[PDB]
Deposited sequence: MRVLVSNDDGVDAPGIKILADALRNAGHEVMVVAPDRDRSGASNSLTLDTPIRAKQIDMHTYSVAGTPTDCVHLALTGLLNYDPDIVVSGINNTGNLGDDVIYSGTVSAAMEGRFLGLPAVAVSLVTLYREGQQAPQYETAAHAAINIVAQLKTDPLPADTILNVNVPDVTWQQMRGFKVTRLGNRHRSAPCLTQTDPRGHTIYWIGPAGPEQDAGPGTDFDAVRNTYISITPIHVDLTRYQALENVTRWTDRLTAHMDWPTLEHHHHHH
């Protein structure tokens, strides 16, 4: 099939190079459009006030000076003469779990893919301890299997998949599981120290034992050497609360003017 590939670490990242090579060996056609450098640390929204620069690296690669949402949007609206069937973002050098997903760069690229009517998948690697080469080939192998399964057995396509792969060899993996998002921000206290000049500074400390990381969550599966799969929303409207708020607003109207 015809696949598009993007990320948020940059076009020169080793994670995006291995992912692309694995797909071509499977018999797919792959185009790549990625940022010129690491974009993590800035806003994810679209640029509308200024024009955007772009240059070509090779016959299959384009470099873009902007956000990862700009990359996917332009590629499907006239930048190229190419009609893909699916969008894949990755592979990230750091995991994306729990309540950190909403502001993730890797996820943002897949989000823009579904807005235009295409199923999308996000893939991350769970590394630890910041000369050991990461197991990128392991994450790539899991990607080519999910894609081939979506081809024959499609999904309702009103959802995107978030995937996290443990940093080990394939022979040590234990299997696949479907999980939910957990929480961690609640159990993070603050700290107080002094700089070399004697001014008070503040740190955000580590997580405590009272965190939501029990059985059923994505945090629990990755610690037991399992691959996590979590379906997430695409529309932030809570429809199951509309009828109640409407009656709540009716009372507010009569109490005022």
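- Residues 131 to 132, 260 to 270 of the deposited sequence, counted from 1, carry no C-alpha coordinates in the model.
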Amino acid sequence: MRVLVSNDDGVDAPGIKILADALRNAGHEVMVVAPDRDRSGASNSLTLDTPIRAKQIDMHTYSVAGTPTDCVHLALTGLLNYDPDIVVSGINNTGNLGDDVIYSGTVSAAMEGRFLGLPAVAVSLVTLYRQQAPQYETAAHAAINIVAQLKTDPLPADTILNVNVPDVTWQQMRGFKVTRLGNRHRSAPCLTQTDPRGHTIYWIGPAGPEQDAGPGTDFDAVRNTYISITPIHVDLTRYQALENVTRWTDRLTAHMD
From here on, numbers count along this sequence of modelled residues.
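- When the other compared entries with both flanking residues are checked, residue 141 is modelled in all of them, not unmodelled in a third.
- Of the other structures of this protein that model both sides of residue 151, every one gives it coordinates; not a third omit it.
- Two stretches are in play, 65 to 73 and 185 to 193, and the higher mean C-alpha B-factor belongs to 185 to 193.
- As recorded in the PDB entry, 243 to 251 is the stretch of 230 to 238 and 243 to 251 with the greater mean C-alpha temperature factor.
- Per the deposited record, 224 carries the highest C-alpha B-factor of all listed residues (217, 43, 224, 50).
- Among the modelled residues of its chain, residue 38 has a C-alpha B-factor that falls in the middle third according to the deposited record.
- When the modelled residues of the chain are ordered by their C-alpha B factor, residue 170 lands in the highest third.
- Residue 128 sits in the highest third of its chain by CA B factor, as recorded in the PDB entry.
- When the modelled residues of the chain are ordered by their C-alpha B factor, residue 156 lands in the highest third.
- Among all modelled residues in its chain, residue 83 ranks in the highest third by Cα B-factor.
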